[PDB]
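An experimental structure, sequence included, is below.
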Amino acid sequence: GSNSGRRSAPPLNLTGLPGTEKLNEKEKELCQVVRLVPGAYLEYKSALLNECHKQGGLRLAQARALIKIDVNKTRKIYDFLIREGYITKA
């Protein structure tokens, strides 16, 4: 047999959603705790990476504005790429 991409299914809605099959063990908990969606987060994560590299020097404010899905919701997604290293904080 081989991997199935199902595992024990994380909490909230994100066990067989479109993208969780790629969500890493880290991003998974980040979206689950924030109740986010796979494709949704996968999108903002990609756009933020391209824009941040284009403008170079994007901070949290730009995140809550570009992907203004909410208040702490964007702060958690951005604080992840920022502290992780995917993007920078000015």
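Cool, the structure landed. Residues are numbered from 1 along each chain as shown.

okay but residue 33 is in contact with residue 76, surely?
Yes. Here residue 33 lies in contact with residue 76, judged by C-beta atoms under 8 Å, at a distance of 7.4 Å. C-beta here means a position set from N, CA and C on the backbone, and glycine is covered the same way.

between those two, who's got more neighbours?
residue 76 (16 against 12; other C-beta atoms under 10 Å).

Look through this protein and tell me its longest helix.
helix 38-55 (DSSP state H).

Okay, buried residues for the next helix-or-strand element following that one please.
Where DSSP states H and E defines the elements, the next helix or strand beyond helix 38-55 is helix 60-66. Burial within helix 60-66, assessed by neighbour count using 16 or more other C-beta atoms under 10 Å, is assigned to 62-64.

And residue 53, how far from residue 9?
For residue 53, the distance to residue 9 (C-beta to C-beta, to the nearest Å) stands at 34 Å.

How about residue 23: what's its closest non-neighbour residue?
Taking C-beta to C-beta, 6 or more residues apart in numbering, and ignoring the residues beside it in sequence, residue 23 has residue 38 as its nearest neighbour in space, at 5.5 Å.

OK, contacts around the one you found?
Remark: with contacts taken as C-beta atoms under 8 Å, 6 or more residues apart in numbering, residue 38 is in contact with 14, 17-23, 31.

Thanks again, I'm all set now.
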